[PDB]
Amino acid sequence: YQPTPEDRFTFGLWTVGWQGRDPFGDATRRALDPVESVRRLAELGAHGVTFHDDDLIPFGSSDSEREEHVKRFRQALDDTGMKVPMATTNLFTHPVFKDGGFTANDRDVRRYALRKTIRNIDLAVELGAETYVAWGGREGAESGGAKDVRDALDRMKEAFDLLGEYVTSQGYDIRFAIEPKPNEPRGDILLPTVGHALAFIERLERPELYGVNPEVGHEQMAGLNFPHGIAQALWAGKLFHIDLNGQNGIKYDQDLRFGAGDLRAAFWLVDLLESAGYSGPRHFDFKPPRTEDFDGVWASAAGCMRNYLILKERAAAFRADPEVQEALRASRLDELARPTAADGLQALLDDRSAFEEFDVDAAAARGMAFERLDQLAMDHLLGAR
């Protein structure tokens, strides 16, 4: 179960670089230089890394320091063959973003947020990123009268429209991906789920430039089924990127390593990506727990990759088993794929076998045989066939 760069595994600098500060505790680890993270990830078999502007260039850096930070990063990429497929902006840490970036009540803040983003899109393109993520962590409220949501969505739409006009004007080959989350750090965050982000996109001036970057733990914080949310994004043709991690239910965002948290959900996710032929990066947005030292950091990052490869093997064995293919037919998955009324509305209306002469009792008595199917899936996941 050894990863290789062909597996397309990616990590954010902020993941293995998290120092361990939480709401109740100080850092337990020293800061990592981005150059060291690049080398250590390459050695483990990763394909590439991602960054927020502030992870690479310290907030308030002069143009000089900015250039120095970039050249050193670029050298590490050349030395290792590591790529940078995605980048994003930090519109959450600095106190000026306390009420949001794109939807802050103060207009001056809103203009500042757009300028900070634009500057990072230029860098992203230079580094060859294909996707630019937006996670609006501060866009939201703790109280009802603090934010008029209709006005807030108008401001959010205005922000994304301007960003689309910018990339178009520049002739850049980059697409945007909105990353939803239901709460934390704000009491409620705008565009809380995959569904809300999808619906919003459809009201932008050039919808083709925007998709979603869903995260396992985010949808789970609302108690939702992650693989179902992913299938809806695929169905809409909007899965531009994905963030993998673990979460144990509805509580604070834990960001466990991928595989931890809801293991069966992880199995069904892998099945789906591999089946649908998803060809983007397999990105890990996680935090090695603050109980660990540096050895523990690298062990947790390696586990992310190892769990995906184990699940891949098991899902493929499941789909290739003749006994499973038979079970799928027993549960009528084949019939779910056929059109309900390719014959058309008139034909359906005239068809007595669809109503007047439909035997409801006989249909009702047919078992779906879902429990035998699910046990085959359990046996495969556990390697107990």
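A residue's number is simply how far along the shown sequence it sits, counting from 1.
- The deposited model assigns a higher average Cα B-factor to 171-179 than to the other stretch when 171-179 and 151-159 are compared.
- Averaged over CA atoms, B-factors in the entry run higher in 276-284 than in the other of 185-193 and 276-284.
- The maximum CA B-factor among the listed residues 356, 54, 334, 323, taken from the PDB record, is found at 356.
- Highest CA B-factor among 329, 30, 47, 40, as stated in the entry: 30.
- The deposited CA B-factor of residue 375 belongs to the lowest third of values across its chain.
- The deposited CA B-factor of residue 305 belongs to the middle third of values across its chain.
- In the PDB entry, residue 294 places in the highest third of its chain by CA B-factor.
- For residue 384, the recorded CA B-factor ranks within the highest third of the chain. Only modelled residues enter the ranking.
- Annotation for residue 208: C-alpha temperature factor in the highest third relative to the rest of the modelled chain, per the entry.
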